[PDB]
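# Fold and contact review
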Amino acid sequence: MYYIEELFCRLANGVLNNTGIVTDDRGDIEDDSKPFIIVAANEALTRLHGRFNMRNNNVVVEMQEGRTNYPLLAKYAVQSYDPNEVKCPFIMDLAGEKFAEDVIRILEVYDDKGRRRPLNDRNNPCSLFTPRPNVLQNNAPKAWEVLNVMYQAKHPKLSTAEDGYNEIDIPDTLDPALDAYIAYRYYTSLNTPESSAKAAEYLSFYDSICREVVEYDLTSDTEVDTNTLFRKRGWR
Amino acid sequence: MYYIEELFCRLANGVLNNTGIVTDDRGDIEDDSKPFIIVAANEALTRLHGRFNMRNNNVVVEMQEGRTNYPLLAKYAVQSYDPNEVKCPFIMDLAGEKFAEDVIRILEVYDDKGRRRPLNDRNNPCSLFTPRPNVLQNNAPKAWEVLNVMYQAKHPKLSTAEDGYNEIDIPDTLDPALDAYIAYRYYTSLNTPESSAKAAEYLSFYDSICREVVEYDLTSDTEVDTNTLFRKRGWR
Amino acid sequence: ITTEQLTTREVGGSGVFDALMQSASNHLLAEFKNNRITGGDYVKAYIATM
């Protein structure tokens, strides 16, 4: 769990060593070229977190009387809402963290009483729908009703603006993939044939590393559970 | 969900660094080349929303006595109609939601009494037809009859004219596809042998990202429902 | 005779090299305004004569 400065130093030493971005002493990236690296790093992190299912997060949503669509944004969080615009927030961040907007896909939704709620099931009247990938609907809000949403998450945004997220949390085996993606972006943006060939090399390296990680299952992505349909179907 | 200025600064600090569109500080696009980027962005958004089925929206249409064809245009919306041209509008809007034409495909049509209406069925007398993709037909209008149209929608139009929509609603996994499409358009427009070679790369990158997103099903496009034909057919 | 009489480091003119480039650019643009070539052909010919 290293900060953004360690990433800048590791880039200044590793790939992009020979380029003109790096300072004279080869210690750090120059100031005017930092937003480019930040954008590339955010894109790479989103790619990896979409591919691998490394992060599983949770959020709590409370149900208001007249609202049916509950978009999952930071506007309606307790730790981030603006009292003037939003009168009452419905996303609770009481304990810790700030709920950065990182909803990729919704997996499970559980009621406050411990019962599961079906998702996107047309033929079940008591189901929940998602008109948009992060918006959630319940067509019959009730009093004292709360839903827990279990979703796949992506890495929070890096900004380096004295209020954004400095730290990077990624498995140690996936650092070269991120560095290769950043180098690919830069060498592609150079707009020369030799740099284009180098960019092709780096992208192929990224793909090969990801495929190797999938081969050896280093992120424990595969999941297997105990059989439960043997008893439901009536077998003896 | 982010402003249009974030898109301009992402294109100024990502791809298109080495081009002559960007300003001297490379922080934003010059005023001369913003219409080009807006046209490209609208085209890319239409492509993605046609492919992926992200947004699902709704319209309420009430039926007049002597009308059978009901085009879905803003000329007949309450907030946008011209009183002298149109005597009485039939599409209901709200002062905040003014119903920009964003109809790609019509999925479901429901009566005001909660009963489903068959669509484009030749052998059913009590069905609705669409002569054109944005026009409805009802051959027997009746008193106190209103219809709800459930349709797939596209992104609203970006205008940057102090009245158009500044924001962009798109999942964070598909930002590189939009950027790659814009870069493809810009690099094809140059009409040089090297620019075309770069544009082919950008278009292939867009295609590969879209195929990957389909492969991992990050937008939850696949939908499955419980089986109800078991009871209808008479099985036990 | 000084350097500034050869080229004044500006696209405008007042030099032999600048005038020699501007005349060729004018001829190519004259052919370009008629729908006979595009921007790329004009740019390539300009760079070639440079």
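Throughout, a per-chain count from 1 in the order the sequence is written supplies the residue numbers; the entry may number residues differently, and those without coordinates are omitted. For naming, the first written chain is A and the first written ligand is 1, with later ones following in the order written. This view holds some of the chains of a larger assembly, and the values cover only those chains. The basis for every side-chain value is the complete set of heavy atoms in the structure, and neither hydrogens nor water enter the calculation.

cryo-EM is the method the PDB entry states for this structure, with the resolution given as 3.2 Å.

### Notes on the pattern of salt bridges
To keep things clear, this is the line we draw: For salt bridges, the criterion is a side-chain nitrogen of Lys or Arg within 4 Å of an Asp or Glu carboxyl oxygen. Helical segments are the DSSP runs of H or I of at least four residues, strand segments are the runs of E of at least two, and each set is numbered from the N terminus. Working definition: with a 1.4 Å probe on protein chains only, accessible area under 20% of the residue-type maximum means buried, over 50% means exposed, and in between means partly exposed.
Evaluation of the coordinates by the stated rule reveals 24 salt bridges over all chains. Across the pair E6(B) and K157(A) runs a salt bridge, and its minimum N-O distance is 4.0 Å. Of the two residues, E6(B) sits in helix α1 (residues 4–12) while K157(A) sits in the loop between β5 (146–153) and α3 (175–189), which places them in two different chains. Judged by its relative accessible area of 57%, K157(A) falls in the exposed class. Among the ionic contacts, a cluster of salt bridges with common partners joins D111(A), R115(A), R117(A) and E145(A).

### Remarks on the sheet that holds strand β1 (residues 55–62) of chain B
Residues and elements named next belong to chain B. Short version of the rule: In this description, strands pair whenever DSSP reports at least two bridges between them. What counts as an axis is a line fitted to C-alpha atoms, over the stretch in contact for a helix, and the angles between N-to-C directions run from 0 to 180 degrees. Only heavy atoms matter for contacts: two residues are in contact if any of them lie within 4.5 Å across the pair.
The three strands are arranged β1-β5-β3 in an open sheet whose pairing can be described as antiparallel. In this open sheet, the two strands that pair with only one neighbour each are β1 and β3 (103–111). Recorded for the sheet is a direction-independent mean angle of 30 degrees between the axes of neighbouring strands. Packed onto the sheet, helix α2 (residues 34–52) meets β1, β3 and β5 (146–153) and runs at close to 110 degrees relative to β5.

### Thoughts on the packing of α3(A) against helix α4 (residues 193–216) of chain B
Put simply, the rule is: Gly falls in the polar group here, along with every residue not listed as nonpolar (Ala, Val, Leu, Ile, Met, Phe, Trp, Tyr, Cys, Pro) or charged (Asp, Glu, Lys, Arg).
α4(B) packs onto α3(A) with a crossing angle of 145 degrees between their chain directions and a minimal axis gap of 13 Å. For the pair α3(A) and α4(B), contact is made by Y181(A), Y184(A), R185(A) and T188(A) and by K198(B), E201(B), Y202(B) and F205(B), respectively. For the contact of α3(A) with α4(B), the class distribution of residues is four nonpolar, one polar and three charged.

### Some words on the side chain of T188(A)
Within the secondary structure layout, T188(A) lies in helix α3. The class for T188(A) is buried, based on a relative accessible area of 0%. If near-sequence neighbours (up to four positions away) are discounted, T188(A) is found in contact with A199(A), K198(B), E201(B) and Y202(B).

### Structural notes on the environment of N148(A)
Residues and elements named next belong to chain A. The criterion, for reference: Polar contact is the term for a pair of N or O atoms within 3.5 Å; when the atoms are in protein, one must be able to donate a hydrogen and the other to accept it, and sequence-neighboring residues count only if both atoms are side-chain atoms.
Mapping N148 onto the fold places it in strand β5. Taking the C-alpha atoms as reference points, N148 and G114, separated by 34 residues in sequence, lie 9.6 Å from one another. Among residues more than four places away in sequence, those in contact with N148 are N58, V59, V60, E108, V109 and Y110. Among the polar contacts listed, one links the side chain of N148 to the side chain of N58, at a separation of 3.4 Å.

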